[PDB]
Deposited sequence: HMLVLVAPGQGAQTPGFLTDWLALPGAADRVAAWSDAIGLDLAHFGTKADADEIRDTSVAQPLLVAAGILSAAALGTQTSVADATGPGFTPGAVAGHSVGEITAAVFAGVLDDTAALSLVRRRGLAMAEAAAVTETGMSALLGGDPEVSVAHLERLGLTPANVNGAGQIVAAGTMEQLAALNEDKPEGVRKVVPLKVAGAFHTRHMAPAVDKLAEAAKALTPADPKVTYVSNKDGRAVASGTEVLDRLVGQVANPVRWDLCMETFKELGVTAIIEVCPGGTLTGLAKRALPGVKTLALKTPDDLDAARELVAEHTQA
């Protein structure tokens, strides 16, 4: 048996999704301490804030990490997964699970991650758009020829293009063969492209205040789907990833190579679990959406750990 614990990225959060989790004894207290540490009312954005407030990239990133750490903590009340990984921001969440970074240090890093990427996006008119349908390699060749970069390679043939708004518009007018729709994502800019270069500089400064430990659990990286044994290499990869494509496809290939038998996606789950059901047939999957999902999760943990 091999259980893989994964954490989601931007887009997974929805209004009021943290509500039930804050109701768990001690949860409001932990989140409040985190909020004071990063200067952001996490409880508010996870409970009362509407769509426009949580779409704020500087808010969404730390909120997602706190949700992942919180739900995982609840699920372990212990256990140790066979491996961990996450989608973009979810990588910071996974660093906590592997013991590379403690939670406050991670939330502090991701708070800076979100602000830095927002700022980088502001000095530019860029974005990201998902390609629905078509062939992944032909699609990549086409979008790249138009000047875009394959910011997200999520597996199951899914591709997300990123670049300037002009290029994204040219992509929609001249779509790759077989692509039915080019859907713009709800993001501030071309994340995971060179357009985030200034975000790397800012994020690297925040990484200076950290002292990462070597992962205690196998840590799979978005850069190339490889397992990283060094804590400093984990951190360097996190800092650089804001400007590098997300190869979630390779991460899933690695889960296969590891003989994964079950995958649990922390709160707010659904997105990575949906991908797993497509690219990882025969693998049990469970997404944590509310505390009521915990009992089923514990059973899955018990039989796969």
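No C-alpha coordinates means not modelled. Give me those stretches of the deposited sequence in order. Several stretches lack coordinates - namely 78-87, 316-317, in sequence order.
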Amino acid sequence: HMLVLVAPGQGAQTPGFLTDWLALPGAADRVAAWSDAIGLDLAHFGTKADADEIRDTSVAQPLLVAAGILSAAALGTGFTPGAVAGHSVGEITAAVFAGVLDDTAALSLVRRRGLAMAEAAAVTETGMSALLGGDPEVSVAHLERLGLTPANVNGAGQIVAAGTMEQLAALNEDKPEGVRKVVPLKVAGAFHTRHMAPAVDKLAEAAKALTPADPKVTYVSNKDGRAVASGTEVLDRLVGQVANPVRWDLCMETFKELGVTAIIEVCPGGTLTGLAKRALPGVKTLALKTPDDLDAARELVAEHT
From here on, numbers count along this sequence of modelled residues.
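Taking only the CA atoms, which stretch has the higher mean B-factor in the record, 146-154 or 204-212? So the stretch with the higher mean C-alpha B-factor is 204-212.
If you average the CA temperature factors over each stretch, which comes out higher, 105-113 or 118-126? Looking at the recorded C-alpha B-factors, 118-126 comes out higher on average.
Among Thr93, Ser88, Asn172, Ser139, where is the Cα B factor highest in this entry? Max CA B-factor in the entry, restricted to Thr93, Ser88, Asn172, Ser139: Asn172.
C-alpha B-factor winner, where the candidates are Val84, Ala162, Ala229, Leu235: Out of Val84, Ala162, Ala229, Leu235, the record gives the largest C-alpha B-factor to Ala229.
Determine, from the deposited record, the chain-internal third of the Cα B-factor for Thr57: lowest, middle or highest. As the PDB entry reports it, the C-alpha B-factor of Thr57 lands in the middle third of its chain.
Where does the C-alpha B-factor of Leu131 rank in its chain, lowest, middle or highest third? Middle third of the chain for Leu131's C-alpha B-factor.
Which third, lowest, middle or highest, does the C-alpha temperature factor of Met196 belong to within its own chain? Ranked within chain, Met196 CA B lands in the lowest tercile.
Relative to the other modelled residues in the chain, which third contains the C-alpha temperature factor of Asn244: lowest, middle or highest? Bottom third by C-alpha B-factor.
Ranking the modelled residues of this chain by C-alpha B-factor as given in the entry, is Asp29 in the lowest, middle or highest third? CA B-factor rank for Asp29: middle third.
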